[PDB]
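Q: Have a peek at start-v5.txt (compact mmCIF, C-alpha atoms).
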# COMPACT_ATOMS: atom_id res chain seq x y z
CA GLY A 256 37.57 15.88 -18.79
CA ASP A 257 36.38 14.80 -22.26
CA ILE A 258 33.13 12.94 -22.94
CA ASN A 259 34.63 11.44 -26.10
CA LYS A 260 37.24 9.66 -23.97
CA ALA A 261 34.67 8.10 -21.63
CA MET A 262 34.47 4.31 -21.80
CA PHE A 263 30.88 3.83 -20.61
CA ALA A 264 27.68 5.65 -19.69
CA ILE A 265 24.67 4.25 -17.83
CA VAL A 266 21.17 5.77 -17.78
CA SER A 267 18.01 4.60 -15.99
CA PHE A 268 14.58 5.42 -17.43
CA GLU A 269 10.95 4.41 -16.95
CA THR A 270 9.26 2.23 -19.57
CA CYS A 271 6.16 0.08 -19.98
CA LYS A 272 5.62 -3.28 -21.64
CA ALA A 273 3.92 -1.71 -24.67
CA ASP A 274 7.02 0.35 -25.44
CA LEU A 275 9.19 -2.78 -25.49
CA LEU A 276 6.59 -4.70 -27.52
CA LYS A 277 6.48 -2.01 -30.21
CA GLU A 278 9.67 -3.65 -31.57
CA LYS A 279 9.61 -7.33 -30.60
CA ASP A 280 12.74 -8.42 -32.45
CA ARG A 281 15.16 -6.24 -30.48
CA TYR A 282 14.01 -7.33 -27.01
CA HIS A 283 14.13 -10.92 -25.75
CA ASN A 284 13.39 -12.72 -22.49
CA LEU A 285 10.34 -10.62 -21.59
CA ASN A 286 8.45 -13.56 -20.09
CA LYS A 287 10.59 -14.02 -16.97
CA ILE A 288 10.07 -10.49 -15.66
CA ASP A 289 7.14 -10.10 -13.24
CA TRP A 290 5.20 -7.22 -14.76
CA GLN A 291 2.29 -7.60 -12.34
CA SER A 292 4.02 -6.69 -9.06
CA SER A 293 7.42 -5.22 -9.91
CA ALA A 294 7.27 -1.52 -9.05
CA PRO A 295 9.66 1.44 -8.94
CA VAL A 296 9.11 1.58 -5.18
CA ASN A 297 11.63 -1.27 -5.10
CA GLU A 298 14.32 0.91 -6.72
CA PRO A 299 14.99 4.08 -4.68
CA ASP A 300 18.04 5.40 -6.56
CA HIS A 301 15.89 6.47 -9.50
CA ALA A 302 14.68 10.02 -8.84
CA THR A 303 11.34 10.85 -10.41
CA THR A 304 8.07 12.71 -9.88
CA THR A 305 5.84 9.65 -10.22
CA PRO A 306 3.95 8.88 -6.98
CA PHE B 352 0.71 6.99 2.24
CA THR B 353 4.40 7.87 2.48
CA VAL B 354 6.64 4.96 1.50
CA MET B 355 10.30 5.28 2.52
CA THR B 356 12.84 2.61 1.55
CA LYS B 357 16.45 3.09 2.69
CA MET B 358 18.27 0.17 1.09
CA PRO B 359 21.52 -0.70 2.90
CA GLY B 360 24.85 0.46 1.58
CA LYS B 361 25.20 4.22 1.16
CA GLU B 362 22.42 5.99 3.07
CA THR B 363 22.40 3.72 6.12
CA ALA B 364 26.07 4.44 6.87
CA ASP B 365 26.49 6.18 10.21
CA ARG B 366 29.00 6.84 12.97
CA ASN B 367 27.52 4.00 15.04
CA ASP B 368 27.51 1.81 11.90
CA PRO B 369 30.19 2.73 9.33
CA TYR B 370 29.42 -0.57 7.60
CA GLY B 371 26.20 -0.21 5.65
CA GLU B 372 24.27 -3.38 6.47
CA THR B 373 20.88 -2.33 7.86
CA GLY B 374 17.80 -1.24 5.93
CA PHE B 375 14.10 -0.70 6.48
CA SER B 376 10.82 0.38 4.88
CA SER B 377 8.13 2.49 6.54
CA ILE B 378 4.62 3.39 5.40
CA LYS B 379 2.52 5.97 7.26
CA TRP B 380 -0.65 7.95 6.66
CA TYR B 381 -3.21 10.34 8.14
CA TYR B 382 -6.93 9.70 8.47
CA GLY B 383 -10.14 11.23 9.79
CA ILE B 384 -13.82 11.56 8.92
CA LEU B 385 -16.45 14.27 9.36
CA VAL B 386 -20.11 13.37 9.85
CA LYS B 387 -22.63 15.79 8.36
CA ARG B 388 -25.98 13.98 8.55
CA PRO B 389 -26.00 11.45 11.40
CA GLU B 390 -29.69 10.59 10.96
CA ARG B 391 -28.99 9.17 7.50
CA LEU B 392 -26.84 6.36 8.89
CA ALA B 393 -29.05 3.46 9.94
CA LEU B 394 -27.94 0.44 11.94
CA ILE B 395 -29.63 -2.74 13.16
CA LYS B 396 -28.08 -4.88 15.91
CA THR B 397 -28.94 -8.57 15.95
CA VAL B 398 -27.70 -12.05 16.77
CA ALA B 399 -26.43 -14.34 14.02
CA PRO B 400 -27.17 -18.08 13.77
CA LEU B 401 -24.23 -20.46 14.05
CA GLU C 152 9.38 -7.42 -4.03
CA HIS C 153 7.20 -9.87 -2.09
CA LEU C 154 7.88 -8.11 1.21
CA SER C 155 6.87 -4.74 -0.25
CA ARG C 156 3.70 -6.19 -1.77
CA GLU C 157 2.61 -7.74 1.53
CA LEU C 158 3.34 -4.48 3.37
CA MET C 159 1.15 -2.48 0.99
CA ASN C 160 -1.69 -5.01 1.19
CA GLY C 161 -1.64 -4.85 4.99
CA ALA C 162 -1.77 -1.06 4.89
CA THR C 163 -4.85 -1.01 2.65
CA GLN C 164 -6.65 -3.56 4.83
CA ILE C 165 -5.95 -1.48 7.94
CA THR C 166 -7.34 1.68 6.36
CA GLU C 167 -10.56 -0.07 5.35
CA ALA C 168 -11.02 -1.64 8.79
CA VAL C 169 -10.59 1.70 10.56
CA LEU C 170 -13.09 3.42 8.26
CA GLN C 171 -15.68 0.70 8.84
CA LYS C 172 -15.24 0.87 12.61
CA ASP C 173 -15.70 4.66 12.56
CA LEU C 174 -18.87 4.38 10.48
CA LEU C 175 -20.34 1.78 12.83
CA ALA C 176 -19.49 3.93 15.85
CA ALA C 177 -21.04 7.15 14.49
CA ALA C 178 -24.43 5.64 13.56
CA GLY C 179 -27.35 7.99 14.07
CA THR C 180 -30.48 5.82 13.89
CA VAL C 181 -30.28 2.42 15.62
CA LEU C 182 -32.66 -0.47 16.20
CA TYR C 183 -32.31 -3.44 18.54
CA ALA C 184 -33.95 -6.67 17.44
CA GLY C 185 -36.54 -7.84 19.93
CA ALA C 186 -37.14 -6.29 23.33
CA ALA C 187 -33.49 -5.40 23.94
CA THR C 188 -32.51 -1.76 24.42
CA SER C 189 -28.70 -1.86 24.68
CA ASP C 190 -25.83 -4.17 23.79
CA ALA C 191 -26.06 -5.86 27.19
CA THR C 192 -29.76 -6.72 26.87
CA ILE C 193 -29.39 -8.46 23.49
CA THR C 194 -29.77 -12.22 23.99
CA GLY C 195 -30.60 -15.39 22.11
CA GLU C 196 -32.42 -17.25 24.88
CA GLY C 197 -35.75 -16.23 26.35
CA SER C 198 -39.28 -15.59 25.19
CA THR C 199 -38.18 -12.99 22.60
CA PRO C 200 -34.83 -13.79 20.96
CA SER C 201 -33.06 -10.72 19.57
Show the structure stored in the file as structure tokens.
A:
Amino acid sequence: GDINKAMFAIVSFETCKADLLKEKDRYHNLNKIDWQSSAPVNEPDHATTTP
Amino acid sequence: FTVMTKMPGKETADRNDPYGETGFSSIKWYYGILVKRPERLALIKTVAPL
Amino acid sequence: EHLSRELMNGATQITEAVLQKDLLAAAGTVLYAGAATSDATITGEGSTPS
């Protein structure tokens, strides 16, 4: 019953490659991910208003 | 279109299948056209060389 | 990911094919090459190939 006692919290959000590339040092291993065909249609748990 | 993906594991559970194993993905749509000026469509029928 | 991509590509192709078939069916002005008057009369052999 206390958020301070919680061990972990997980959040899913939508982001684009430009947002990650704003700060290149923090993010690594961007080359492996298939940006050209990976879509949020593949992930149904995320609830959003995007078509 | 209307894409619907029910990945197996929590939504595919059922009385006939308590064990979520099955999934699917369906895409459906409506379609129809209305022709206003038929005389403006022009067609030529011909044979094509091999 | 690959399965979803191929599904979507098939859907788009089907929509385009149906639209093209409808447009060809609803043509207003038609010509037949040569002396032919319908689909049956169109021929390659003869004095006047279509």
Q: Rounded to one decimal in Å, what is the spacing between atom CA of residue 189 of chain C and atom CA of residue 166 of chain C?
A: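 For atom CA of residue 189 of chain C relative to atom CA of residue 166 of chain C, the distance reads 28.4 Å.
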Q: From the list A:289, A:277, A:259, A:269, which residue is nearest residue 305 of chain A when using only C-alpha atoms?
A: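 Of all the options, A:269 lies closest to residue 305 of chain A.
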Q: Using all atoms listed in the file and a cut-off of 6 Å, which residues of chain B sit close to chain C? Please list them as a PyMOL selection string.
A: chain B and resi 389-390+392-397
Q: Sorted by chain and rising residue number, list the residues of chain A at most 10 Å from chain B (counting all atoms listed in the file), each with its closest atom pair and distance in Å to one decimal, as a Markdown table.
A:
| residue | atom | partner | partner_atom | distance |
| --- | --- | --- | --- | --- |
| A:296 | CA | B:356 | CA | 7.8 |
| A:297 | CA | B:356 | CA | 7.8 |
| A:298 | CA | B:356 | CA | 8.6 |
| A:299 | CA | B:356 | CA | 6.8 |
| A:300 | CA | B:358 | CA | 9.3 |
| A:306 | CA | B:353 | CA | 9.5 |
Q: Quote the spacing between atom CA of residue 377 of chain B and atom CA of residue 360 of chain B in Å to one decimal place.
A: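 Interatomic distance here is 17.6 Å.
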Q: How far is it from atom CA of residue 400 of chain B to atom CA of residue 188 of chain C, in Å with one decimal?
A: 20.2 Å
Q: May I ask which of the residues C:171, C:198, C:160, C:192 is the closest one to chain A, counting only C-alpha atoms?
A: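 Under the stated criterion, the closest residue is C:160.
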Q: Could you make a table, as JSON lines, of the residues of chain C that have an atom within 9 Å of an atom of chain A, each with its nearest atom pair and distance in Å to one decimal, counting all atoms listed in the file, in chain and number order?
A:
{"residue": "C:152", "atom": "CA", "partner": "A:293", "partner_atom": "CA", "distance": 6.6}
{"residue": "C:153", "atom": "CA", "partner": "A:292", "partner_atom": "CA", "distance": 8.3}
{"residue": "C:155", "atom": "CA", "partner": "A:297", "partner_atom": "CA", "distance": 7.6}
{"residue": "C:156", "atom": "CA", "partner": "A:292", "partner_atom": "CA", "distance": 7.3}
Q: Produce a file of the selected residues containing C-alpha atoms, as a PDB file, keeping the file's coordinate frame.
A:
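Writing the result to selection_11.pdb gives the following:
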ATOM      1  CA  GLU C 152       9.380  -7.420  -4.030  1.00  0.00           C
ATOM      2  CA  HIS C 153       7.200  -9.870  -2.090  1.00  0.00           C
ATOM      3  CA  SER C 155       6.870  -4.740  -0.250  1.00  0.00           C
ATOM      4  CA  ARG C 156       3.700  -6.190  -1.770  1.00  0.00           C
TER       5      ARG C 156
END
Q: Give the padded box for segment 293-304 of chain A as AutoDock Vina command-line options: axis-aligned, covering all atoms listed in the file, 8 Å on each side, centre and edge lengths in Å to one decimal.
A:
--center_x 12.7 --center_y 3.7 --center_z -7.5 --size_x 26.8 --size_y 33.9 --size_z 21.7
Q: Do you know which residues are at most 10 Å from residue 290 of chain A counting all atoms listed in the file, after dropping those on the same chain fewer than 4 positions away, and could you put them as a PyMOL selection string?
A: chain A and resi 271-272+285-286+294
Q: Within 9 Å of residue 363 of chain B, counting only C-alpha atoms, which residues qualify if same-chain residues fewer than 5 places away don't, as a list in words?
A: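 Near neighbours after the sequence-gap exclusion: residues 357, 358, 368, 369, 370, 371, 372, 373 and 374 of chain B.
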Q: Write a file of the just-selected residues containing C-alpha atoms, as a short mmCIF file (atom, residue, chain, number, x, y, z; two decimals), keeping the file's coordinate frame.
A:
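After the write, result-v5.cif holds the following:
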data_model
loop_
_atom_site.label_atom_id
_atom_site.label_comp_id
_atom_site.auth_asym_id
_atom_site.auth_seq_id
_atom_site.Cartn_x
_atom_site.Cartn_y
_atom_site.Cartn_z
CA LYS B 357 16.45 3.09 2.69
CA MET B 358 18.27 0.17 1.09
CA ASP B 368 27.51 1.81 11.90
CA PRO B 369 30.19 2.73 9.33
CA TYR B 370 29.42 -0.57 7.60
CA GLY B 371 26.20 -0.21 5.65
CA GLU B 372 24.27 -3.38 6.47
CA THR B 373 20.88 -2.33 7.86
CA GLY B 374 17.80 -1.24 5.93
#
